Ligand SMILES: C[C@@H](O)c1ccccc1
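This document starts with one chain, in the form deposited without (1R)-1-phenylethanol (SS2), laid out as structure tokens.
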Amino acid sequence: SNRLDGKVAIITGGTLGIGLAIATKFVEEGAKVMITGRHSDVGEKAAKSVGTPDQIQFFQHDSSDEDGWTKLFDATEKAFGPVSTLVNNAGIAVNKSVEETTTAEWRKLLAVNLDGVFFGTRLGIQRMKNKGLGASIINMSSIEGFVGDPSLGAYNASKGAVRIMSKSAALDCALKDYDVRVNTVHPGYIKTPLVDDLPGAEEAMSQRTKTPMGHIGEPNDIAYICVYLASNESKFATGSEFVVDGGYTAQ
């Protein structure tokens, strides 16, 4: 309770799934939140479901849209004051091996999962540093930032990039005393409506050879590690990877 007192957070892809759970717990611990998403119909319903406009608002945005990032920050500042916390959560996947990935698929995925994370991280550092906010940038990877999957080629590329880029940003921010931390979170498989929509997906992910726990996680498993990283409890963590994966990467 009140673990995020006074924080102001942007969560990209905050209207569904993992993003939405992050938002929900952020609001519960006292943060002001701006969630983003591509569809206003979903976005505005999501925001209202979590709380009132003085707690949480929606902002329509594609994380691959560089200019929209500037608008997003300005809007969040107008609503809630200076942003302290950024969760780069929006992502997409392509279910293809490297061999079978088209160039269009490659660029589309990178623009969200890599360029978007870059735009958010770069803008977040510039806007959040040197303000005594206890600022924190939480970049969503994946277990796919640690291990390959033969049918997630471009996704693996994007998540390996976010992993190491985040260390670079962490170190610069530390060395320059910016009061900004940057860390990555690496979910294993997580049960969401989208997973429920793909027959047999949870069942495959729940095989012991994939997830040793023999079941997949839930959105709140990611929201709780994000609360920790956004909070000043984690003021000495920067440049680190936080895995919450049911044992996936342990074997």
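Quick note: we count residues from 1 along the sequence shown, nothing fancier.
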Stretch with higher mean Cα temperature factor, 179 to 187 vs 34 to 42, is 34 to 42
Assert higher mean C-alpha B factor (194 to 202 or 220 to 228, deposited values) equals 194 to 202
Per the deposited B-factor column, the C-alpha that peaks among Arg163, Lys96, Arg107, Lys78 belongs to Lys78
Among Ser141, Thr121, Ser136, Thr102, the highest C-alpha B-factor in the PDB entry belongs to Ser141
Entry-reported C-alpha B-factor of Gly239 relative to its chain, by third, is lowest
Split the chain's modelled residues into thirds by Cα B-factor; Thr85 lands in the middle
In terms of its chain's C-alpha B-factors, the third that includes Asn156 is the lowest
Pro150: CA B-factor among chain residues, third -> lowest
Assert third(CA B-factor, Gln126) within chain per record equals middle
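The form solved in complex with (1R)-1-phenylethanol (SS2) is left out here; the points below concern that form.
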- Is the gap between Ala93 and (1R)-1-phenylethanol (SS2) in the entry with it bound 4.5 Å or less for some heavy atom pair? yes
Contact test in the entry with it bound: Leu152 vs (1R)-1-phenylethanol (SS2), heavy atoms, 4.5 Å
yes
Can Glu144 be called a contact residue for (1R)-1-phenylethanol (SS2) in the entry with it bound at 4.5 Å between heavy atoms?
yes
Checklist entry - Quick one: is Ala223 in contact with (1R)-1-phenylethanol (SS2) in the entry with it bound, heavy atoms, 4.5 Å cut-off? => result no
Testing 76 to 84, 120 to 128, 97 to 105, 152 to 160 against (1R)-1-phenylethanol (SS2) in the entry with it bound with a 4.5 Å heavy atom criterion leaves exactly one stretch, namely 152 to 160
In sequence order, the residues of 160 to 192 that place a heavy atom within 4.5 Å of (1R)-1-phenylethanol (SS2) in the entry with it bound are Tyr189
